[PDB]
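Heads up: the structure comes next, in structure tokens.
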Amino acid sequence: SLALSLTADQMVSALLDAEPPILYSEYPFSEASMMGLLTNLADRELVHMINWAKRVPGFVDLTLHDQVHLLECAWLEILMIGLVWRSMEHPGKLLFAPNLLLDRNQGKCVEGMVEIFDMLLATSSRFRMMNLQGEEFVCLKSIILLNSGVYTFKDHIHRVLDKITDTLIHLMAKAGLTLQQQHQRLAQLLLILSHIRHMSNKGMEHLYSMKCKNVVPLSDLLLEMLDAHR
Amino acid sequence: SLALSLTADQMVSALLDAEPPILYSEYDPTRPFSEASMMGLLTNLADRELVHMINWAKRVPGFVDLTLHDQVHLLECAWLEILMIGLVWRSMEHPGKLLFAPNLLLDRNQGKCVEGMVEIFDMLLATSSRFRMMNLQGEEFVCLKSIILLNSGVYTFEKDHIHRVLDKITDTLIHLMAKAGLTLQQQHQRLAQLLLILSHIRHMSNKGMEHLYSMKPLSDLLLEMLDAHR
Amino acid sequence: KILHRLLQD
Amino acid sequence: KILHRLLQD
Ligand SMILES: COc1ccc([C@H]2CCCC(=C(c3ccc(O)cc3)c3ccc(O)cc3)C2)cc1
Ligand SMILES: COc1ccc([C@H]2CCCC(=C(c3ccc(O)cc3)c3ccc(O)cc3)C2)cc1
């Protein structure tokens, strides 16, 4: 490959440069209107995510089938960690878009959305409390892409995963963190990915339910991503 | 808290001594498998394991210092995760097989008797193959299982004390790897690999849970643990 | 709650 | 699938 040859700084720069843009919403809400805005936004973000994925070091070296599997498994995790990251500087609120800032009360517009809204808010507070840096964020999101579906198939993938781990440690060591503080922070960050997975699973459970399929006509692409999780 | 003063060695010894026993199944090998019977075996086994898990949690350093409501929450959230990682650990020396009990060894073909279970069976087997590939040690296993207990429900409602204990188990893991002759880079890499598996265990629990409380003779305890996820 | 009771034991 | 098309473009 060519991802393993890159240095720890070349890895960060490649990930920061590959960062997808922050899209805007469609300029009070009901259940239909709320789901409509989120669906429309998520559908447009997916297009940028796919192109972001190809710019992730070592992802183009993967076969087409494996690229599909990884994206199908982690797409909601990636959307959610992006949402959580954007909402870091907005405590108690979720920044879906610069023109779409919502709180937990607006999460009551859709039946069963509040519980997941709270989990997302809790993740954002955790990122804020840890003072998560953008350099660390792009590493975590790339890890999600490569790891979430790696055990549903790969030595190359785990090699890149180790490379991002080396990248994460290098970032903390270049921040003045002691050896103990480094692997402690590394652990704290990766444990949050377990919660991101949980939020995705609970979220996915409602989204591909018949009652949520019918509330608003979803795009064919978004349906294919949803139907991948049955 | 006595947990925050334990050395890495005392942490391991405490976790190893707190290990629950390996229970047996009822399973009469003279009769073929049906969907109702095999589900009955797994349900009956899990119910008796739950009792041992509850008393195991009390012996996990730092868990007794938590409030009862928080103890209930952590166990309700992670009970299937803990059951599954225990299963995966028992099945590590049995490729293609899942050792639910010493007298209950099943392959993916025997998992087809229950509709929708073979999907979870393959994920569990893949996780077992991963542990076998990484050559997971018992000292590492008990650390990971304790992490699941303390981490899985910590972001759904103190927390500062829990993260402090989590940091100690992290120190414990690093201490074990350094003792195994692993370099500093190897320690951080292996630490990452182990914690990333917890994301998959969370996934298996969620997908497993989703099937279990769906259209499925469960015990009252197992029902309450299942109804915790609605 | 059974879990809460068994934890009390 | 559409994902195939978006990945090859
Ligand atoms: C019925 O219960 C519900 C209702 C809504 C959700 C949401 C709420 C959190 C954000 C989520 C979504 C989301 C996440 C990130 C983002 O940038 C843009 C969008 C989402 C995903 C797919 C979709 O078709 C619609 C929205 C999913 C979860 C459960
Ligand atoms: C309908 O789809 C299904 C059906 C069954 C499952 C299982 C199979 C893998 C092992 C699992 C179970 C399990 C896990 C660990 C263990 O030591 C002992 C038992 C289990 C948990 C609760 C329960 O009420 C029954 C079984 C869960 C998963 C999906």
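Sequential numbering from 1, following the chain as shown.
Method of determination (from the header): X-ray crystallography, 2.0 Å.
Backbone N, Cα and C define each Cβ position, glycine as well.
The 17beta-estradiol binding site annotation in Swiss-Prot covers A:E45, A:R86, A:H206. Residues annotated as S-palmitoyl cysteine in Swiss-Prot, with similarity to another entry given as evidence: A:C139.
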Just counting, how many other CB atoms are there within 10 A of the CB of A:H206 (17beta-estradiol binding site)? 15
What does the Cα distance in Å come to between A:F153 and A:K154, when 10 residues between them are unmodelled? 8
Which whole number of Å gives the largest C-alpha distance between any two of A:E45, A:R86, A:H206, the residues noted as binding 17beta-estradiol? 23
Through-space Cα separation in Å, A:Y27-A:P28, 4-residue segment unmodelled: 13
Would you mind listing, in sequence order, the residues at least six apart from A:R86 (17beta-estradiol binding site) in the same chain with a Cβ closer than 8 Å to its Cβ? A:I22, A:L95, A:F96
A:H206 (17beta-estradiol binding site) falls, by three-state DSSP, under helix
Same-chain residues at least 6 positions away from A:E45 (17beta-estradiol binding site) with a Cβ under 8 Å from its Cβ, in sequence order, are A:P20, A:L23, A:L79, A:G82
Would you mind pulling the DSSP three-state label for A:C139 (S-palmitoyl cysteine)? helix
